[PDB]
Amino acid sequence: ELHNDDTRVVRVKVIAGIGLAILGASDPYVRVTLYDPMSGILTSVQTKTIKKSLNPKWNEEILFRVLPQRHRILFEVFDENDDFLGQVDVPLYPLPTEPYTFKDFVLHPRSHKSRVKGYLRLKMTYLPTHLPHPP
């Protein structure tokens, strides 16, 4: 497709999990999923895994080109040992343009058998004669 002038670039910082749900031997990572509710997943990315932690600090940054008014991002925390540790699902509007500060999002269950707790700390801001056919 041609470039879409309505797109913006969102900078997504996946900072930390806080108080995730004996030994507490979870190895958490985040699956970060840019999607369009009407057409499906566009891009899915996995952060690094942190070993044996209930308060993992990923401090990872991911940039997405998005349609602010249509696209959404789903954050899913998994135990790499995958077992579900909670989700955060956000719209991409309104967000400030780029300091601004993080938010501690409540993690939600996805099923009655889910038991999730704690928060996902995130920061999200916007950045400011002819061609031959391919054979």
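Residue indices: 1-based, along the sequence shown.
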What does the record say about the segment between residue 61 and residue 62: how many deposited residues are without coordinates (none, 1 to 3, 4 to 9, 10 or more)? none
Unresolved deposited residues in the interval that joins residue 46 and residue 47: none
According to the deposited model, is the average Cα temperature factor higher in 8-16 or in 107-115? 107-115
Per the entry, higher mean C-alpha B factor between 62-70 and 47-55: 47-55
Looking at 29, 102, 35, 84, which has the highest CA B-factor as recorded? 84
Mind checking which third residue 76 falls in for C-alpha B-factor across the chain? middle
